[PDB]
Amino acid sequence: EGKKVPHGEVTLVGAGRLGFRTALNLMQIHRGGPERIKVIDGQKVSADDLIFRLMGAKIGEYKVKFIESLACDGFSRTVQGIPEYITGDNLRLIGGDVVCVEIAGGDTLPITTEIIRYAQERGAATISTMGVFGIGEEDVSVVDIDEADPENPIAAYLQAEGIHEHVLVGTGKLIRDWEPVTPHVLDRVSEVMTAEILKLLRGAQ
């Protein structure tokens, strides 16, 4: 009878083991979700990326090309991938209604900060992680930036950098802690990550 639509553009900066799952969740959403999905990440599928290889990605393929490839010629929503790391130099790649940061490799916070500022300057809501380490059970929680635990390293850095109205998700277990990165945890983070993206997407109206 009365039929509803995808709206908005969502950028996912980072498309590794968590970013990929967020992409998958979003691509499967029906009667809503974003109309446009942008995935940005500079890295290739290697042997260790089982989650990609089980879906049939080849070693050597950029993660964002594999993901783009799943939106085959008849697919109704747009997925475009960009196989580049975000730097101070290519912030022109950051725009949309929601921007979601799920990156890892060294210290990611400076470039993240630059991402959240540039994106909120172009009126996008912003979201990212605060620790996705865990062995399986630990809780999945959500918080705004200015209510975040100040001992939490991410929240600390972003609050000191003067960031406001920024949504964070995580177990709160970190690089520092003993816990590794487990798939059930990345699934639950991803499920929650997606839901918070959707709230913020509705906010674009």
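We number the residues from 1 along the sequence you see.
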{"query": "Residue with highest C-alpha B-factor in the PDB entry, from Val64, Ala156, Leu26, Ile51", "finding": "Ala156"}
{"query": "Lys173 - which third its CA temperature factor falls in, relative to the rest of the chain", "finding": "middle"}
{"query": "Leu109 - Cα temperature factor, lowest/middle/highest third of chain", "finding": "highest"}
{"query": "CA B-factor ranking of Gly32, expressed as a third of its chain", "finding": "middle"}
{"query": "Third of the chain's Cα B-factor distribution that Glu102 belongs to, per the entry", "finding": "lowest"}
{"query": "Where the record places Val143 (Cα B-factor, split into thirds across the chain)", "finding": "highest"}
